[PDB]
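What follows is a short report on a single structure.
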Amino acid sequence: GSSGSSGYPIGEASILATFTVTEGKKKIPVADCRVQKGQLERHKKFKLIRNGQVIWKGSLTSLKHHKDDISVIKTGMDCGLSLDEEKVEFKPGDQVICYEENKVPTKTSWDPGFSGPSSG
């Protein structure tokens with residue numbers, strides 16, 4: 001039916017590499033993506049975009065920032081997420097949009113602002 005609820009993307013993450021992991025015996029697939037913009041919150045929903053099409057849609061099952069049970073992933077931070085639907089597969093050419101499903105904001109504020117001088 002309807003693809004994507006009324007809302008907005010919290011942060012976009014691209015998959016640089018993809019691999020699998022072992023836990024006890026099973027083999028859980030993992031996807032390494034580097035937050036290019038925004039952050040990833042271990043709660044919201046996610047989806048894997050490959051070639052522009054979505055393959056998996058929903059919330060992750062687990063998230064880790066390399067030996068560190070974190071919840072939020074800032075920018076420039078590498079983290080690996082795994083989907084419950086092992087069926088789904090990733091690749092170094094997909095996208096991970098972490099949006100919120102509930103409603104849509106109104107956005108009532110417009111004002112630019114930048115800063116980044118040079119030193120040394």
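Residues in the structure tokens are numbered from 1 in each chain, the chains being A, B, ... in the order shown, and ligands are numbered from 1 in the order shown.
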Residues near segment 54-66 of chain A, cut-off 7 Å, only C-alpha atoms, skip fewer than 2 positions along chain, as a count of residues only: 20
Exercise: residue 13 of chain A partners within 8 Å, only C-alpha atoms, chain neighbours under 5 positions left out, as a PyMOL selection string: chain A and resi 33-37+95-97
For the selection just defined, write its residues with N, CA and C atoms to a file, as an mmCIF file, in the first residue's frame.
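Result file again_0.cif:
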```
data_model
loop_
_atom_site.group_PDB
_atom_site.id
_atom_site.type_symbol
_atom_site.label_atom_id
_atom_site.label_comp_id
_atom_site.auth_asym_id
_atom_site.auth_seq_id
_atom_site.Cartn_x
_atom_site.Cartn_y
_atom_site.Cartn_z
ATOM 1 N N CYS A 33 27.607 1.236 7.724
ATOM 2 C CA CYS A 33 27.268 2.472 7.037
ATOM 3 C C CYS A 33 27.828 3.641 7.850
ATOM 4 N N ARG A 34 28.230 4.680 7.132
ATOM 5 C CA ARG A 34 28.783 5.862 7.772
ATOM 6 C C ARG A 34 27.807 7.034 7.656
ATOM 7 N N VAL A 35 27.341 7.492 8.809
ATOM 8 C CA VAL A 35 26.406 8.603 8.850
ATOM 9 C C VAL A 35 27.008 9.799 8.111
ATOM 10 N N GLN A 36 26.375 10.147 7.000
ATOM 11 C CA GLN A 36 26.836 11.266 6.196
ATOM 12 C C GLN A 36 26.179 12.565 6.666
ATOM 13 N N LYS A 37 24.943 12.433 7.125
ATOM 14 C CA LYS A 37 24.197 13.583 7.606
ATOM 15 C C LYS A 37 23.191 13.126 8.664
ATOM 16 N N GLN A 95 21.375 2.797 0.797
ATOM 17 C CA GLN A 95 21.133 3.920 1.686
ATOM 18 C C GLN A 95 20.264 3.484 2.867
ATOM 19 N N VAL A 96 20.500 4.125 4.003
ATOM 20 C CA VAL A 96 19.749 3.814 5.208
ATOM 21 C C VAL A 96 19.134 5.099 5.766
ATOM 22 N N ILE A 97 17.862 5.295 5.446
ATOM 23 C CA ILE A 97 17.150 6.474 5.906
ATOM 24 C C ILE A 97 16.391 6.136 7.191
#
```
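Interatomic distance, atom CA of residue 120 of chain A to atom CA of residue 74 of chain A: 26.6 Å.
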Test item, strand (DSSP E) assignment across segment 48-87 of chain A, answer as a PyMOL selection string: chain A and resi 48-50+53-58+62-64+72-73+78-82
Output file for the residues above (N, CA and C atoms, as a PDB file, in the first residue's frame):
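In the end it all went to again_19.pdb:
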```pdb
ATOM      1  N   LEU A  48      16.280  -0.043   3.898  1.00  0.00           N
ATOM      2  CA  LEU A  48      17.452  -0.211   3.055  1.00  0.00           C
ATOM      3  C   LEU A  48      17.092   0.145   1.611  1.00  0.00           C
ATOM      4  N   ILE A  49      17.785   1.147   1.091  1.00  0.00           N
ATOM      5  CA  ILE A  49      17.549   1.593  -0.271  1.00  0.00           C
ATOM      6  C   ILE A  49      18.700   1.125  -1.164  1.00  0.00           C
ATOM      7  N   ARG A  50      18.353   0.294  -2.136  1.00  0.00           N
ATOM      8  CA  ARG A  50      19.342  -0.233  -3.060  1.00  0.00           C
ATOM      9  C   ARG A  50      18.939   0.079  -4.503  1.00  0.00           C
ATOM     10  N   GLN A  53      15.472   1.725  -4.783  1.00  0.00           N
ATOM     11  CA  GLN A  53      14.307   0.975  -4.346  1.00  0.00           C
ATOM     12  C   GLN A  53      14.527   0.429  -2.934  1.00  0.00           C
ATOM     13  N   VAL A  54      13.434   0.344  -2.190  1.00  0.00           N
ATOM     14  CA  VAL A  54      13.493  -0.157  -0.827  1.00  0.00           C
ATOM     15  C   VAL A  54      13.379  -1.682  -0.844  1.00  0.00           C
ATOM     16  N   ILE A  55      14.196  -2.314  -0.013  1.00  0.00           N
ATOM     17  CA  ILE A  55      14.196  -3.764   0.077  1.00  0.00           C
ATOM     18  C   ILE A  55      13.636  -4.187   1.436  1.00  0.00           C
ATOM     19  N   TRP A  56      14.060  -3.466   2.465  1.00  0.00           N
ATOM     20  CA  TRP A  56      13.611  -3.755   3.816  1.00  0.00           C
ATOM     21  C   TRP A  56      13.089  -2.454   4.428  1.00  0.00           C
ATOM     22  N   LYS A  57      11.968  -2.574   5.125  1.00  0.00           N
ATOM     23  CA  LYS A  57      11.357  -1.420   5.763  1.00  0.00           C
ATOM     24  C   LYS A  57      10.878  -1.810   7.162  1.00  0.00           C
ATOM     25  N   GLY A  58      11.345  -1.056   8.146  1.00  0.00           N
ATOM     26  CA  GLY A  58      10.974  -1.312   9.527  1.00  0.00           C
ATOM     27  C   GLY A  58      12.077  -0.856  10.485  1.00  0.00           C
ATOM     28  N   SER A  62      19.116  -4.679  16.132  1.00  0.00           N
ATOM     29  CA  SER A  62      20.253  -4.406  16.995  1.00  0.00           C
ATOM     30  C   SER A  62      21.173  -3.376  16.338  1.00  0.00           C
ATOM     31  N   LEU A  63      21.865  -2.625  17.181  1.00  0.00           N
ATOM     32  CA  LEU A  63      22.780  -1.605  16.697  1.00  0.00           C
ATOM     33  C   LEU A  63      23.957  -1.479  17.668  1.00  0.00           C
ATOM     34  N   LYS A  64      25.147  -1.377  17.094  1.00  0.00           N
ATOM     35  CA  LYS A  64      26.354  -1.252  17.893  1.00  0.00           C
ATOM     36  C   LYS A  64      27.346  -0.337  17.171  1.00  0.00           C
ATOM     37  N   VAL A  72      22.439   6.276  20.110  1.00  0.00           N
ATOM     38  CA  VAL A  72      22.425   7.256  19.036  1.00  0.00           C
ATOM     39  C   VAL A  72      23.801   7.293  18.367  1.00  0.00           C
ATOM     40  N   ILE A  73      23.781   7.481  17.055  1.00  0.00           N
ATOM     41  CA  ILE A  73      25.013   7.538  16.289  1.00  0.00           C
ATOM     42  C   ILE A  73      25.136   8.914  15.630  1.00  0.00           C
ATOM     43  N   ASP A  78      30.816   5.344  12.716  1.00  0.00           N
ATOM     44  CA  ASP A  78      30.563   4.093  12.022  1.00  0.00           C
ATOM     45  C   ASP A  78      29.783   3.153  12.944  1.00  0.00           C
ATOM     46  N   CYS A  79      28.727   2.576  12.391  1.00  0.00           N
ATOM     47  CA  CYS A  79      27.893   1.659  13.150  1.00  0.00           C
ATOM     48  C   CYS A  79      27.391   0.569  12.200  1.00  0.00           C
ATOM     49  N   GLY A  80      27.023  -0.560  12.788  1.00  0.00           N
ATOM     50  CA  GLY A  80      26.527  -1.681  12.009  1.00  0.00           C
ATOM     51  C   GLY A  80      25.135  -2.105  12.484  1.00  0.00           C
ATOM     52  N   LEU A  81      24.208  -2.142  11.539  1.00  0.00           N
ATOM     53  CA  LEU A  81      22.841  -2.527  11.846  1.00  0.00           C
ATOM     54  C   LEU A  81      22.511  -3.837  11.127  1.00  0.00           C
ATOM     55  N   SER A  82      21.614  -4.599  11.735  1.00  0.00           N
ATOM     56  CA  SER A  82      21.204  -5.872  11.168  1.00  0.00           C
ATOM     57  C   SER A  82      19.677  -5.967  11.143  1.00  0.00           C
TER      58      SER A  82
END
```
Could the residues of segment 62-118 of chain A that have an atom at most 8 Å from segment 17-20 of chain A be listed as a tab-separated table, each with its closest atom pair and the distance in Å to one decimal, counting only C-alpha atoms and ordered by chain and ascending residue number?
```
residue	atom	partner	partner_atom	distance
A:90	CA	A:18	CA	6.3
A:91	CA	A:18	CA	5.6
A:92	CA	A:17	CA	5.0
```
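Of the residues under consideration (A:8, A:41, A:86, A:71), A:86 shows the shortest atom-to-atom contact distance to residue 27 of chain A when counting only C-alpha atoms.
Residue nearest residue 85 of chain A, chosen from A:9, A:30, A:102, A:40 and counting only C-alpha atoms: A:30.
If only C-alpha atoms are the atoms counted, then among A:16, A:39, A:29, A:101 the closest residue to residue 4 of chain A is A:101.
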